[PDB]
>>> print(open('final-v1.cif').read())   # mmCIF, C-alpha atoms and all ligand atoms
data_structure
loop_
_atom_site.group_PDB
_atom_site.id
_atom_site.type_symbol
_atom_site.label_atom_id
_atom_site.label_comp_id
_atom_site.auth_asym_id
_atom_site.auth_seq_id
_atom_site.Cartn_x
_atom_site.Cartn_y
_atom_site.Cartn_z
ATOM 1 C CA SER V 2 0.000 0.000 0.000
ATOM 2 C CA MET V 3 1.073 3.560 -0.897
ATOM 3 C CA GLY V 4 -1.481 5.826 0.813
ATOM 4 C CA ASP V 5 -5.048 6.066 2.028
ATOM 5 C CA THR V 6 -7.591 3.992 0.085
ATOM 6 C CA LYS V 7 -11.310 3.325 0.282
ATOM 7 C CA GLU V 8 -10.528 -0.151 1.617
ATOM 8 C CA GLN V 9 -8.304 1.185 4.347
ATOM 9 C CA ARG V 10 -11.008 3.672 5.358
ATOM 10 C CA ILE V 11 -13.566 0.859 5.580
ATOM 11 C CA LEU V 12 -11.203 -1.119 7.836
ATOM 12 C CA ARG V 13 -10.470 1.929 9.994
ATOM 13 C CA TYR V 14 -14.210 2.534 10.339
ATOM 14 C CA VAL V 15 -14.734 -1.044 11.543
ATOM 15 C CA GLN V 16 -11.853 -0.772 13.994
ATOM 16 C CA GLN V 17 -13.262 2.479 15.393
ATOM 17 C CA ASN V 18 -16.926 1.483 15.619
ATOM 18 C CA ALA V 19 -17.449 -2.291 15.703
ATOM 19 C CA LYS V 20 -16.955 -4.686 18.635
ATOM 20 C CA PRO V 21 -14.068 -7.177 18.272
ATOM 21 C CA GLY V 22 -15.380 -10.734 18.122
ATOM 22 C CA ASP V 23 -18.909 -9.606 17.146
ATOM 23 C CA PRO V 24 -19.297 -10.363 13.433
ATOM 24 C CA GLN V 25 -22.689 -8.658 13.295
ATOM 25 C CA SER V 26 -21.219 -5.353 14.442
ATOM 26 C CA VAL V 27 -18.465 -5.684 11.822
ATOM 27 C CA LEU V 28 -21.051 -6.135 9.088
ATOM 28 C CA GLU V 29 -23.171 -3.247 10.370
ATOM 29 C CA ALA V 30 -20.138 -0.976 10.498
ATOM 30 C CA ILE V 31 -19.080 -1.773 6.922
ATOM 31 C CA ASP V 32 -22.660 -1.384 5.659
ATOM 32 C CA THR V 33 -23.122 1.892 7.527
ATOM 33 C CA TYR V 34 -19.869 3.348 6.175
ATOM 34 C CA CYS V 35 -20.606 2.305 2.610
ATOM 35 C CA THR V 36 -24.185 3.532 2.750
ATOM 36 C CA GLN V 37 -23.318 6.888 4.268
ATOM 37 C CA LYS V 38 -19.905 7.696 2.811
ATOM 38 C CA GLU V 39 -18.341 5.522 0.062
ATOM 39 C CA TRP V 40 -20.027 2.965 -2.156
ATOM 40 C CA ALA V 41 -18.128 -0.333 -2.303
ATOM 41 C CA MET V 42 -18.503 -3.730 -3.920
ATOM 42 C CA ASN V 43 -19.327 -5.667 -0.758
ATOM 43 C CA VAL V 44 -22.217 -8.039 -1.255
ATOM 44 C CA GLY V 45 -24.116 -5.839 1.235
ATOM 45 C CA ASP V 46 -26.948 -6.374 3.678
ATOM 46 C CA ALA V 47 -29.872 -7.158 1.353
ATOM 47 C CA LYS V 48 -27.975 -9.712 -0.701
ATOM 48 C CA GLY V 49 -26.218 -10.833 2.477
ATOM 49 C CA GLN V 50 -29.495 -12.024 3.928
ATOM 50 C CA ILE V 51 -30.004 -14.320 0.952
ATOM 51 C CA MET V 52 -26.463 -15.507 1.542
ATOM 52 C CA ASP V 53 -27.362 -16.042 5.217
ATOM 53 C CA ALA V 54 -30.357 -18.176 4.261
ATOM 54 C CA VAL V 55 -28.267 -20.321 1.899
ATOM 55 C CA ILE V 56 -25.622 -20.970 4.581
ATOM 56 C CA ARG V 57 -28.236 -21.898 7.200
ATOM 57 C CA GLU V 58 -30.067 -24.210 4.792
ATOM 58 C CA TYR V 59 -27.088 -26.215 3.492
ATOM 59 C CA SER V 60 -24.756 -26.011 6.553
ATOM 60 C CA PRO V 61 -21.660 -26.398 4.346
ATOM 61 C CA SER V 62 -18.570 -27.831 5.972
ATOM 62 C CA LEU V 63 -16.150 -26.331 3.459
ATOM 63 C CA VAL V 64 -16.887 -23.129 1.562
ATOM 64 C CA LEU V 65 -14.824 -21.605 -1.225
ATOM 65 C CA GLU V 66 -15.185 -17.861 -1.879
ATOM 66 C CA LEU V 67 -13.895 -16.275 -5.097
ATOM 67 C CA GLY V 68 -13.126 -12.619 -4.357
ATOM 68 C CA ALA V 69 -12.483 -11.520 -0.764
ATOM 69 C CA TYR V 70 -12.083 -7.753 -1.199
ATOM 70 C CA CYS V 71 -12.318 -6.365 2.366
ATOM 71 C CA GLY V 72 -13.693 -9.527 3.954
ATOM 72 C CA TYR V 73 -17.339 -8.523 4.282
ATOM 73 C CA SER V 74 -18.817 -11.677 2.734
ATOM 74 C CA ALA V 75 -16.178 -13.853 4.374
ATOM 75 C CA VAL V 76 -17.214 -12.469 7.756
ATOM 76 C CA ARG V 77 -20.838 -12.772 6.686
ATOM 77 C CA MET V 78 -20.626 -16.477 5.782
ATOM 78 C CA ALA V 79 -18.106 -17.580 8.419
ATOM 79 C CA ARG V 80 -20.174 -16.275 11.337
ATOM 80 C CA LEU V 81 -22.918 -18.795 10.416
ATOM 81 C CA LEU V 82 -20.723 -21.822 9.782
ATOM 82 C CA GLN V 83 -21.089 -24.775 12.139
ATOM 83 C CA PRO V 84 -18.198 -25.564 14.516
ATOM 84 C CA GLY V 85 -15.412 -27.190 12.528
ATOM 85 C CA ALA V 86 -16.662 -25.844 9.214
ATOM 86 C CA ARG V 87 -14.144 -23.832 7.206
ATOM 87 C CA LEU V 88 -14.095 -21.123 4.565
ATOM 88 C CA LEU V 89 -11.394 -20.672 1.925
ATOM 89 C CA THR V 90 -11.417 -17.299 0.215
ATOM 90 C CA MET V 91 -9.294 -16.512 -2.850
ATOM 91 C CA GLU V 92 -7.990 -12.963 -3.387
ATOM 92 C CA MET V 93 -5.424 -11.879 -5.973
ATOM 93 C CA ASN V 94 -4.980 -8.350 -4.632
ATOM 94 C CA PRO V 95 -2.389 -8.488 -1.822
ATOM 95 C CA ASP V 96 -3.505 -5.151 -0.469
ATOM 96 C CA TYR V 97 -7.069 -6.458 -0.248
ATOM 97 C CA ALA V 98 -5.884 -9.729 1.291
ATOM 98 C CA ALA V 99 -4.098 -7.824 4.049
ATOM 99 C CA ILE V 100 -7.300 -5.862 4.768
ATOM 100 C CA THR V 101 -9.319 -9.081 4.751
ATOM 101 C CA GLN V 102 -6.999 -10.677 7.323
ATOM 102 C CA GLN V 103 -7.468 -7.652 9.611
ATOM 103 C CA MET V 104 -11.243 -7.875 9.175
ATOM 104 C CA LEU V 105 -11.203 -11.592 10.032
ATOM 105 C CA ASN V 106 -9.074 -10.957 13.119
ATOM 106 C CA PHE V 107 -11.381 -8.180 14.238
ATOM 107 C CA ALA V 108 -14.530 -10.255 13.669
ATOM 108 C CA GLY V 109 -12.919 -13.192 15.481
ATOM 109 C CA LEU V 110 -13.259 -15.495 12.481
ATOM 110 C CA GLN V 111 -9.546 -15.831 11.663
ATOM 111 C CA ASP V 112 -9.577 -19.450 12.866
ATOM 112 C CA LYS V 113 -12.439 -20.411 10.497
ATOM 113 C CA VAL V 114 -11.285 -18.665 7.301
ATOM 114 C CA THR V 115 -8.077 -19.017 5.299
ATOM 115 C CA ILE V 116 -7.020 -16.469 2.699
ATOM 116 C CA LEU V 117 -5.516 -18.045 -0.406
ATOM 117 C CA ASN V 118 -3.313 -15.446 -2.104
ATOM 118 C CA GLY V 119 -3.585 -15.636 -5.870
ATOM 119 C CA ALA V 120 -5.912 -15.797 -8.839
ATOM 120 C CA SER V 121 -8.757 -18.308 -8.893
ATOM 121 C CA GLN V 122 -7.787 -19.599 -12.349
ATOM 122 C CA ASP V 123 -4.377 -20.530 -10.938
ATOM 123 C CA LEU V 124 -5.467 -21.765 -7.488
ATOM 124 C CA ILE V 125 -8.605 -23.779 -8.311
ATOM 125 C CA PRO V 126 -6.660 -26.496 -10.262
ATOM 126 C CA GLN V 127 -4.273 -26.735 -7.315
ATOM 127 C CA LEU V 128 -6.874 -27.058 -4.537
ATOM 128 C CA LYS V 129 -6.844 -30.865 -4.406
ATOM 129 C CA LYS V 130 -3.096 -31.400 -4.268
ATOM 130 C CA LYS V 131 -1.742 -28.149 -2.759
ATOM 131 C CA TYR V 132 -4.538 -27.294 -0.269
ATOM 132 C CA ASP V 133 -5.756 -30.857 0.522
ATOM 133 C CA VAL V 134 -9.340 -30.171 -0.596
ATOM 134 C CA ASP V 135 -11.480 -33.184 -1.461
ATOM 135 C CA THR V 136 -14.768 -31.570 -2.499
ATOM 136 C CA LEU V 137 -16.333 -28.207 -1.784
ATOM 137 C CA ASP V 138 -19.755 -27.923 -0.180
ATOM 138 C CA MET V 139 -20.507 -24.388 -1.354
ATOM 139 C CA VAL V 140 -18.920 -21.832 -3.657
ATOM 140 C CA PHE V 141 -19.608 -18.114 -3.608
ATOM 141 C CA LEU V 142 -18.705 -16.474 -6.926
ATOM 142 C CA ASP V 143 -18.129 -12.751 -6.567
ATOM 143 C CA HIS V 144 -14.896 -11.961 -8.408
ATOM 144 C CA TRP V 145 -14.503 -10.377 -11.866
ATOM 145 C CA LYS V 146 -17.624 -11.244 -13.821
ATOM 146 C CA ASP V 147 -15.848 -12.629 -16.885
ATOM 147 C CA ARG V 148 -14.398 -15.386 -14.650
ATOM 148 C CA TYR V 149 -17.701 -16.913 -13.415
ATOM 149 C CA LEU V 150 -18.161 -19.267 -16.346
ATOM 150 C CA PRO V 151 -14.563 -20.492 -16.892
ATOM 151 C CA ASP V 152 -14.035 -20.912 -13.126
ATOM 152 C CA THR V 153 -17.325 -22.799 -12.786
ATOM 153 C CA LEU V 154 -16.122 -25.034 -15.598
ATOM 154 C CA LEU V 155 -12.805 -25.341 -13.780
ATOM 155 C CA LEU V 156 -14.550 -26.335 -10.543
ATOM 156 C CA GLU V 157 -16.323 -29.047 -12.535
ATOM 157 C CA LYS V 158 -13.277 -30.197 -14.493
ATOM 158 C CA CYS V 159 -11.135 -30.455 -11.369
ATOM 159 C CA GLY V 160 -13.633 -32.713 -9.574
ATOM 160 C CA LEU V 161 -14.151 -30.190 -6.767
ATOM 161 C CA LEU V 162 -17.977 -30.372 -6.863
ATOM 162 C CA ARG V 163 -20.147 -33.198 -5.570
ATOM 163 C CA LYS V 164 -23.858 -33.851 -5.784
ATOM 164 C CA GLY V 165 -25.541 -31.126 -3.727
ATOM 165 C CA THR V 166 -22.679 -28.621 -3.799
ATOM 166 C CA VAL V 167 -24.130 -25.097 -3.764
ATOM 167 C CA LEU V 168 -22.944 -22.449 -6.214
ATOM 168 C CA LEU V 169 -24.141 -18.993 -5.190
ATOM 169 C CA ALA V 170 -23.247 -16.246 -7.654
ATOM 170 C CA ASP V 171 -23.490 -12.539 -6.954
ATOM 171 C CA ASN V 172 -24.276 -9.877 -9.544
ATOM 172 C CA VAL V 173 -25.963 -12.094 -12.119
ATOM 173 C CA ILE V 174 -28.140 -9.132 -13.244
ATOM 174 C CA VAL V 175 -25.921 -6.118 -12.431
ATOM 175 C CA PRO V 176 -23.139 -5.929 -13.628
ATOM 176 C CA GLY V 177 -24.609 -9.151 -15.078
ATOM 177 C CA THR V 178 -23.267 -12.619 -15.858
ATOM 178 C CA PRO V 179 -25.365 -13.668 -18.893
ATOM 179 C CA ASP V 180 -22.935 -16.365 -20.000
ATOM 180 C CA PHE V 181 -22.751 -17.906 -16.521
ATOM 181 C CA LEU V 182 -26.556 -17.825 -16.260
ATOM 182 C CA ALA V 183 -27.113 -19.421 -19.653
ATOM 183 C CA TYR V 184 -24.656 -22.187 -18.805
ATOM 184 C CA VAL V 185 -26.004 -23.167 -15.369
ATOM 185 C CA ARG V 186 -29.652 -22.629 -16.287
ATOM 186 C CA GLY V 187 -29.278 -24.755 -19.422
ATOM 187 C CA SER V 188 -27.255 -27.627 -17.979
ATOM 188 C CA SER V 189 -28.962 -30.621 -16.376
ATOM 189 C CA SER V 190 -25.962 -30.754 -14.000
ATOM 190 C CA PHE V 191 -27.432 -27.770 -12.133
ATOM 191 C CA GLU V 192 -30.725 -26.985 -10.434
ATOM 192 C CA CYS V 193 -31.087 -23.224 -10.407
ATOM 193 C CA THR V 194 -32.902 -20.655 -8.334
ATOM 194 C CA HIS V 195 -32.823 -16.930 -8.945
ATOM 195 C CA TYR V 196 -32.995 -14.613 -5.918
ATOM 196 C CA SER V 197 -34.349 -11.117 -6.568
ATOM 197 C CA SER V 198 -32.487 -8.437 -4.633
ATOM 198 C CA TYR V 199 -30.783 -5.028 -4.948
ATOM 199 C CA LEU V 200 -27.278 -3.918 -5.862
ATOM 200 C CA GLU V 201 -25.372 -3.253 -2.643
ATOM 201 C CA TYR V 202 -26.157 0.154 -1.127
ATOM 202 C CA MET V 203 -28.427 1.072 -4.064
ATOM 203 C CA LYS V 204 -31.951 0.544 -5.374
ATOM 204 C CA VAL V 205 -30.836 -0.906 -8.677
ATOM 205 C CA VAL V 206 -32.328 -4.398 -8.947
ATOM 206 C CA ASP V 207 -29.777 -7.213 -8.862
ATOM 207 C CA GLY V 208 -29.937 -10.937 -8.179
ATOM 208 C CA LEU V 209 -28.098 -13.994 -7.010
ATOM 209 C CA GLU V 210 -28.198 -17.350 -8.733
ATOM 210 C CA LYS V 211 -28.156 -20.460 -6.600
ATOM 211 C CA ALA V 212 -26.978 -23.367 -8.753
ATOM 212 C CA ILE V 213 -26.893 -26.761 -7.037
ATOM 213 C CA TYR V 214 -24.564 -29.211 -8.729
ATOM 214 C CA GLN V 215 -26.240 -32.530 -9.523
ATOM 215 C CA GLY V 216 -23.193 -34.703 -10.210
ATOM 216 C CA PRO V 217 -21.413 -35.385 -13.512
ATOM 217 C CA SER V 218 -23.351 -36.333 -16.675
HETATM 218 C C1 LIG V 301 -16.626 -7.660 -5.443
HETATM 219 S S1 LIG V 301 -15.034 -7.965 -4.683
HETATM 220 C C2 LIG V 301 -15.527 -9.306 -3.571
HETATM 221 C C3 LIG V 301 -16.393 -8.756 -2.446
HETATM 222 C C4 LIG V 301 -16.674 -9.770 -1.348
HETATM 223 N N1 LIG V 301 -17.033 -11.077 -1.916
HETATM 224 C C5 LIG V 301 -17.759 -9.217 -0.417
HETATM 225 O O1 LIG V 301 -18.966 -9.283 -0.689
HETATM 226 O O2 LIG V 301 -17.436 -8.700 0.658
HETATM 227 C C6 LIG V 301 -14.102 -8.808 -6.013
HETATM 228 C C7 LIG V 301 -12.685 -9.219 -5.601
HETATM 229 O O3 LIG V 301 -12.191 -10.244 -6.421
HETATM 230 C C8 LIG V 301 -10.802 -10.088 -6.627
HETATM 231 N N2 LIG V 301 -10.575 -10.845 -7.859
HETATM 232 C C9 LIG V 301 -10.935 -10.518 -9.138
HETATM 233 N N3 LIG V 301 -10.569 -11.553 -9.924
HETATM 234 C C10 LIG V 301 -9.998 -12.520 -9.168
HETATM 235 C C11 LIG V 301 -9.447 -13.768 -9.444
HETATM 236 N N4 LIG V 301 -9.419 -14.249 -10.688
HETATM 237 N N5 LIG V 301 -8.932 -14.530 -8.414
HETATM 238 C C12 LIG V 301 -8.947 -14.062 -7.134
HETATM 239 N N6 LIG V 301 -9.484 -12.829 -6.875
HETATM 240 C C13 LIG V 301 -10.012 -12.086 -7.868
HETATM 241 C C14 LIG V 301 -10.606 -8.594 -6.690
HETATM 242 O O4 LIG V 301 -9.307 -8.272 -6.246
HETATM 243 C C15 LIG V 301 -11.671 -8.104 -5.717
HETATM 244 O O5 LIG V 301 -11.164 -7.967 -4.414
HETATM 245 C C1 LIG V 302 -22.419 0.487 -8.882
HETATM 246 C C2 LIG V 302 -23.108 0.267 -10.291
HETATM 247 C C3 LIG V 302 -24.198 0.969 -10.723
HETATM 248 CL CL1 LIG V 302 -24.876 2.187 -9.659
HETATM 249 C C4 LIG V 302 -24.791 0.736 -12.022
HETATM 250 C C5 LIG V 302 -26.024 1.533 -12.496
HETATM 251 N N1 LIG V 302 -24.288 -0.158 -12.793
HETATM 252 O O1 LIG V 302 -24.871 -0.409 -14.073
HETATM 253 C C6 LIG V 302 -23.255 -0.853 -12.424
HETATM 254 CL CL2 LIG V 302 -22.579 -2.078 -13.508
HETATM 255 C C7 LIG V 302 -22.616 -0.648 -11.159
HETATM 256 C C8 LIG V 302 -21.413 -1.548 -10.791
HETATM 257 N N2 LIG V 302 -20.162 -1.558 -11.274
HETATM 258 O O2 LIG V 302 -19.508 -2.542 -10.665
HETATM 259 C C9 LIG V 302 -20.314 -3.116 -9.810
HETATM 260 C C10 LIG V 302 -19.977 -4.354 -8.972
HETATM 261 C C11 LIG V 302 -20.846 -4.889 -8.011
HETATM 262 C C12 LIG V 302 -20.459 -6.056 -7.362
HETATM 263 O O3 LIG V 302 -21.242 -6.701 -6.328
HETATM 264 C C13 LIG V 302 -19.267 -6.674 -7.703
HETATM 265 O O4 LIG V 302 -18.983 -7.865 -7.012
HETATM 266 C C14 LIG V 302 -18.440 -6.126 -8.686
HETATM 267 N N3 LIG V 302 -17.228 -6.678 -9.106
HETATM 268 O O5 LIG V 302 -16.600 -6.052 -10.170
HETATM 269 O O6 LIG V 302 -16.687 -7.808 -8.503
HETATM 270 C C15 LIG V 302 -18.801 -4.975 -9.347
HETATM 271 N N4 LIG V 302 -21.529 -2.570 -9.880
HETATM 272 CL CL CL V 303 -27.527 -3.047 1.444
HETATM 273 MG MG MG V 304 -20.609 -8.600 -6.013
HETATM 274 NA NA NA V 305 -14.093 -23.898 15.572
#
>>> encode(input="final-v1.cif", output="structure tokens")
Amino acid sequence: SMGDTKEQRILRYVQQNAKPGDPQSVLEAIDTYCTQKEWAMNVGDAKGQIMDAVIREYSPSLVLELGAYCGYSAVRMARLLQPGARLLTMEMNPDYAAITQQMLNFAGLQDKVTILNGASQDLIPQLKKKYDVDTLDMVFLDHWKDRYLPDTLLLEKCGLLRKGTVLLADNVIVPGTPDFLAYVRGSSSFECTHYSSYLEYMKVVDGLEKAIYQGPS
């Protein structure tokens, strides 16, 4: 880092307003700061509640997140994981990864979440043999939108999905992931559900796609 950034200001706002070890207060602080002061690409409170419902329904034991940013969604999912369950979050921006680690420490979720430093297209094919992953129980896609489809394909080709694995994809309407949608909605290897919501901190309509893997063809 070379100066003050939006992401550093978000982290400072958490550290000055939230309660350490209280994930809810961390999420409220980030949402308050980004509603009142600086828009940011956190998944946000409205879409977060859909995320909350998915986590509580499927109780995943191992979650992979693509795109950590400041750690909002990592904190948001990890606080609802069952004891022993784990979240891996991939982040290629080292400055963001350092912020995310500080957010996890502050929220008290550092023992449940591991930051993988690097790009998803490089790390996903290495998950089985470098990070000892068998299969993933849930995947949250929220990185650059042109990577949703090839990384989904990569998750499939690398044998990281099993029957019942949950793919939850942010931003499928805005900025929009039409190619990802057409793939998962048109493949009999996925059962899809679209969740109406709003772009974080705005009243532009957005949505999440839940795509449940059904096993190989
Ligand atoms: C929208 S932010 C994620 C926000 C986070 N999921 C939340 O709701 O709090 C997208 C992040 O993905 C990272 N990113 C983009 N492409 C990536 C890739 N191929 N592999 C790993 N990280 C990537 C960017 O650095 C950025 O931090
Ligand atoms: C803010 C905004 C508005 Cl007001 C309008 C009208 N439109 O059309 C657009 Cl496209 C945007 C917009 N740009 O980027 C994002 C965004 C949101 C994410 O949740 C996310 O994850 C990522 N990302 O790049 O990872 C990007 N949203
Ligand atoms: Cl919101
Ligand atoms: Mg997003
Ligand atoms: Na634990």
>>> resolve_selection(input="final-v1.cif", expression="the PyMOL selection byres (((chain V and resi 42-52) around 7) and not hetatm)", output="number ranges by chain")
V: 32, 41, 53-56, 73-74, 198-199, 201-202
>>> write_last_selection(input="final-v1.cif", atoms="C-alpha atoms", output="PDB file, in the frame of the given file")
ATOM      1  CA  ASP V  32     -22.660  -1.384   5.659  1.00  0.00           C
ATOM      2  CA  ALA V  41     -18.128  -0.333  -2.303  1.00  0.00           C
ATOM      3  CA  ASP V  53     -27.362 -16.042   5.217  1.00  0.00           C
ATOM      4  CA  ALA V  54     -30.357 -18.176   4.261  1.00  0.00           C
ATOM      5  CA  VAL V  55     -28.267 -20.321   1.899  1.00  0.00           C
ATOM      6  CA  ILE V  56     -25.622 -20.970   4.581  1.00  0.00           C
ATOM      7  CA  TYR V  73     -17.339  -8.523   4.282  1.00  0.00           C
ATOM      8  CA  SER V  74     -18.817 -11.677   2.734  1.00  0.00           C
ATOM      9  CA  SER V 198     -32.487  -8.437  -4.633  1.00  0.00           C
ATOM     10  CA  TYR V 199     -30.783  -5.028  -4.948  1.00  0.00           C
ATOM     11  CA  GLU V 201     -25.372  -3.253  -2.643  1.00  0.00           C
ATOM     12  CA  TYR V 202     -26.157   0.154  -1.127  1.00  0.00           C
TER      13      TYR V 202
END
>>> atom_distance(input="final-v1.cif", atom1="CA of residue 184 (chain V)", atom2="CA of residue 212 (chain V)")
10.4 Å
>>> residues_around(input="final-v1.cif", residues="residue 98 (chain V)", least_positions_apart="2", cutoff="10 Å", atoms="only C-alpha atoms", output="list in words")
residues 68, 69, 70, 71, 72, 90, 91, 92, 93, 94, 95, 96, 100, 101, 102, 103, 104, 116, 117, 118 and 119 of chain V
>>> closest_atom_pairs(input="final-v1.cif", of="chain V", to="ligand LIG 302 (chain V)", cutoff="7 Å", atoms="only C-alpha atoms and all ligand atoms", output="Markdown table")
| residue | atom | partner | partner_atom | distance |
| --- | --- | --- | --- | --- |
| V:42 | CA | V:LIG302 | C12 | 4.6 |
| V:43 | CA | V:LIG302 | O3 | 6.0 |
| V:44 | CA | V:LIG302 | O3 | 5.3 |
| V:143 | CA | V:LIG302 | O4 | 5.0 |
| V:144 | CA | V:LIG302 | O6 | 4.5 |
| V:145 | CA | V:LIG302 | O6 | 4.8 |
| V:146 | CA | V:LIG302 | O6 | 6.4 |
| V:171 | CA | V:LIG302 | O3 | 6.3 |
| V:172 | CA | V:LIG302 | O3 | 5.4 |
| V:175 | CA | V:LIG302 | CL2 | 5.4 |
| V:176 | CA | V:LIG302 | CL2 | 3.9 |
| V:200 | CA | V:LIG302 | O3 | 6.7 |
| V:201 | CA | V:LIG302 | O3 | 6.5 |
| V:203 | CA | V:LIG302 | CL1 | 6.7 |
| V:205 | CA | V:LIG302 | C5 | 6.6 |
>>> resolve_selection(input="final-v1.cif", expression="the PyMOL selection byres (((chain V and resi 8-16) around 10) and not hetatm)", output="ChimeraX atom specification")
/V:2,4-7,17-21,26-35,38-39,41,70-72,96-97,99-101,103-104,107-108
>>> closest_residue(input="final-v1.cif", among="V:83, V:67, V:135, V:155", to="residue 170 (chain V)", atoms="all atoms listed in the file")
V:67
>>> residues_near_point(input="final-v1.cif", point="(-15.0, -26.8, -9.4)", cutoff="10 Å", atoms="all atoms listed in the file", output="JSON, numbers by chain")
{"V": [65, 125, 126, 128, 136, 137, 140, 151, 152, 153, 154, 155, 156, 157, 158, 159, 160, 161, 162, 163, 166, 168, 214]}
>>> axis_aligned_box(input="final-v1.cif", around="ligand LIG 301 (chain V)", padding_each_side="5 Å", output="JSON")
{"center_x": -13.9, "center_y": -11.1, "center_z": -5.0, "size_x": 20.0, "size_y": 16.9, "size_z": 21.3}
>>> closest_residue(input="final-v1.cif", among="V:141, V:196, V:181, V:191", to="ligand LIG 301 (chain V)", atoms="all atoms listed in the file")
V:141
>>> atom_distance(input="final-v1.cif", atom1="CA of residue 185 (chain V)", atom2="CA of residue 59 (chain V)")
19.1 Å
>>> closest_residue(input="final-v1.cif", among="V:213, V:173, V:206, V:182", to="ligand MG 304 (chain V)", atoms="all atoms listed in the file")
V:173
>>> resolve_selection(input="final-v1.cif", expression="the PyMOL selection byres (((not hetatm)) within 10 of (chain V and resi 305))", output="mmCIF file with C-alpha atoms, keeping the file's coordinate frame")
data_model
loop_
_atom_site.group_PDB
_atom_site.id
_atom_site.type_symbol
_atom_site.label_atom_id
_atom_site.label_comp_id
_atom_site.auth_asym_id
_atom_site.auth_seq_id
_atom_site.Cartn_x
_atom_site.Cartn_y
_atom_site.Cartn_z
ATOM 1 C CA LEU V 82 -20.723 -21.822 9.782
ATOM 2 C CA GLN V 83 -21.089 -24.775 12.139
ATOM 3 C CA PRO V 84 -18.198 -25.564 14.516
ATOM 4 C CA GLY V 85 -15.412 -27.190 12.528
ATOM 5 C CA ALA V 86 -16.662 -25.844 9.214
ATOM 6 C CA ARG V 87 -14.144 -23.832 7.206
ATOM 7 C CA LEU V 110 -13.259 -15.495 12.481
ATOM 8 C CA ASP V 112 -9.577 -19.450 12.866
ATOM 9 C CA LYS V 113 -12.439 -20.411 10.497
#
>>> closest_residue(input="final-v1.cif", among="V:88, V:193, V:64, V:142", to="ligand MG 304 (chain V)", atoms="all atoms listed in the file")
V:142
>>> closest_residue(input="final-v1.cif", among="V:169, V:105, V:124, V:76", to="ligand MG 304 (chain V)", atoms="only C-alpha atoms and all ligand atoms")
V:169
>>> closest_residue(input="final-v1.cif", among="V:3, V:197, V:79, V:189", to="ligand LIG 301 (chain V)", atoms="only C-alpha atoms and all ligand atoms")
V:79
>>> atom_distance(input="final-v1.cif", atom1="CA of residue 167 (chain V)", atom2="CA of residue 139 (chain V)")
4.4 Å
>>> residues_around(input="final-v1.cif", residues="residue 180 (chain V)", least_positions_apart="6", cutoff="9 Å", atoms="all atoms listed in the file", output="JSON, numbers by chain")
{"V": [147, 149, 150]}
>>> write_last_selection(input="final-v1.cif", atoms="C-alpha atoms", output="short mmCIF file (atom, residue, chain, number, x, y, z; two decimals), in the coordinates of the input")
data_model
loop_
_atom_site.label_atom_id
_atom_site.label_comp_id
_atom_site.auth_asym_id
_atom_site.auth_seq_id
_atom_site.Cartn_x
_atom_site.Cartn_y
_atom_site.Cartn_z
CA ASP V 147 -15.85 -12.63 -16.89
CA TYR V 149 -17.70 -16.91 -13.42
CA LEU V 150 -18.16 -19.27 -16.35
#
